[PDB]
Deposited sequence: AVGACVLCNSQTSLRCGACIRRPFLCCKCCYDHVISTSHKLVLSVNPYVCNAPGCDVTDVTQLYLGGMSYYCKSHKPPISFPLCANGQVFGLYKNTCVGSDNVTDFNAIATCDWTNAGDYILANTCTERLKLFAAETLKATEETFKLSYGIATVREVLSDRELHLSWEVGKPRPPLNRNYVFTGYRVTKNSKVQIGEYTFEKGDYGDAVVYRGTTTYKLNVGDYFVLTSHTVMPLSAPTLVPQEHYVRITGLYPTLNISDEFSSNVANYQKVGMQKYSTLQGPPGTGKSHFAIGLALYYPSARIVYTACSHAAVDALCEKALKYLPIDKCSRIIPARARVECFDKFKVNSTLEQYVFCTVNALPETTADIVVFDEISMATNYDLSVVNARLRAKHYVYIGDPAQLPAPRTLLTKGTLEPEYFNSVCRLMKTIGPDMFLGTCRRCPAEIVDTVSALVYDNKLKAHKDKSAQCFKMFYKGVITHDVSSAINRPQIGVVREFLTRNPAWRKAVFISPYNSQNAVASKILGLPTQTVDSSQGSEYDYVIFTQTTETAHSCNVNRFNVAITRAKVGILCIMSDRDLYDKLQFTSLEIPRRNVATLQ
């Protein structure tokens, strides 16, 4: 009931009853809010509503202070004061950007632009409002119910009518009923339940709708620059293997927080684990939003750090199988590997937050609120993929607006940049260097002469909204017959339905561009499928072609990206 104004910090009893998150607004800011938005309900110790029996006047601009109570113009006594007047709303302790965040529906890109350009307190207000909006929207979808048990991995389903049916993709992890988190993918559909339980006919599932907690900590702590390495103890016996990062590790210890832009295969995980060998007594918490990003840090640590000082934090609700080689759930070990949403309340000498393009301002804040560290390291690449914004349907979200860390990397530049790609053949490195890295990314490898491109629009079919291009898969089939070494390639496309079709026709392992991020393969076969904003997205295209260590075949739909690929063209 008592607190500080989100816009000016002036103390108040006044909150907005029309905002989904009921923020405290001072007498001045509350007035500026109510008089320019449809938000007219104001909440003090008691709500600002007409106290006359049966009266439904709740608009603050139509209410007055009559004695110790509130009344409308129709019910107030002769000695009464308007609650709204003189640029202030009556309350104890006596804007444009706040209004827009408070009233938007989060379906436009401009909403996320504003949520990243505003003041720090407005960033938390926006992040809390957005996440609560996202969670409420999850209730709009309808409940599902098991129609039959086709086999151990397949089935056919039934829905409750009247409410919209969400898409069948590995993008919507539903929680099961308490029978583990289930997922779906394409009348013969596939039930993907992480927990091996015979799906009882009649049971139901609901979207993973977790309650949104308030944010208190900023997305980024205030920057502090030091003249000496603070609270960390370096070595001069630093392995030659990590010597290239020595100046950057010293930079880490001389600032409160630091940003590292690491293009694909430039050594992000090597840098993160090497930071532990450079400050060998430091307690490091390694965090990322996904279990995949956390497990990739676990694999690198397994090679350089002592296994007895590592612990993989796994929440009681075992969602998917993750890293099995560290002692599970020991918060006090020197090296703790844990996803953002599962972080314990602890302190650290260094916090390493990896895959920063996938973080939201909500995640940035959670880390600041759960971990109190001497140093914070943000590793990622704003030229890679951001977290999916399920409400966003209009406009494209540019990298400078992914989150606060990405905004800094795009506006003032990152503090550290890993300039040499060690993974990809030079054809790929040269293409992405010009496309998203302003020619600052260099190739370690020579050209492989196994990077091919083909311009083939094919035929686009749609599975509801997800796209398929059977002729592009047919072209891959013909290529495989003449290129048997490509037998072990991973098939990548921007669409789950295209991948399901390629999996049956080609028999190759499949991956969407979004799920390939952070992974690498000798050979990659990419079919663009369509020429939509989704399939032409430069960050997605960058991720797609940088998965390859040796060769890549790109079957393209977009002339622009096809011309930019510095690959040998194929005919047919």
In sequence order, what intervals of the deposited sequence carry no C-alpha positions? 95-102, 186-193, 203-206, 593-601
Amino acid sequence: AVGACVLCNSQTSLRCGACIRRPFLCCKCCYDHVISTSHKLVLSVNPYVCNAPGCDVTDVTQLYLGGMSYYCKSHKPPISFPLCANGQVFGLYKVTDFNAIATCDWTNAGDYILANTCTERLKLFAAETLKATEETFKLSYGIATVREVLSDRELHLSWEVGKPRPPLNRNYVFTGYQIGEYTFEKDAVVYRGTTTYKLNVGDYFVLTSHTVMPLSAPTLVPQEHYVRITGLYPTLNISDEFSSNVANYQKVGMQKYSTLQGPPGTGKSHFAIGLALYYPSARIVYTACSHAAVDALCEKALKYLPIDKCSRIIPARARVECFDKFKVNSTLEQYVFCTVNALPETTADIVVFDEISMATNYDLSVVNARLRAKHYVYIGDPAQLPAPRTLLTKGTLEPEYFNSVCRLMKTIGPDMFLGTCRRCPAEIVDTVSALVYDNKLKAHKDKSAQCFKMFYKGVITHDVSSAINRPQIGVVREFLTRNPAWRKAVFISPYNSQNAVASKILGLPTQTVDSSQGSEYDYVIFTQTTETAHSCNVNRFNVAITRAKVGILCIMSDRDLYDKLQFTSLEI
From here on, numbers count along this sequence of modelled residues.
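Between two forms, the rigid core is the largest collection of C-alphas that superpose within 1.5 Å.
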Between 69-77 and 298-306, which one shows the bigger average Cα displacement from this form in 9 other deposited structures of this protein once the rigid core is aligned? 69-77
Core-fitted, the stretch whose Cα atoms sit farther from this form in 9 other deposited structures of this protein, 477-485 versus 189-197, is 189-197
Tell whether, across the other compared PDB entries, at least a third have no coordinates for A126. no
Quick check on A318: across the other compared entries (only those modelling residues on both sides), is it unmodelled in a third or more? yes
Taking only the CA atoms, which stretch has the higher mean B-factor in the record, 507-515 or 44-52? 44-52
Greater mean Cα temperature factor according to the PDB record, 354-362 or 157-165: 157-165
Per the PDB entry, maximal CA B factor within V459, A467, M416, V146: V146
Per the deposited B-factor column, the C-alpha that peaks among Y495, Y378, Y141, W106 belongs to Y141
C-alpha B factor of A1, ranked within the chain: lowest, middle or highest third? highest
Is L14 in the lowest, middle or highest third of its chain when residues are ranked by C-alpha B-factor? highest
Record-listed C-alpha B factor of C536: chain third: lowest
Using the temperature factors of the C-alpha atoms in this entry, rank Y204 within its chain: lowest, middle or highest third. highest
C-alpha B factor of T339, ranked within the chain: lowest, middle or highest third? middle
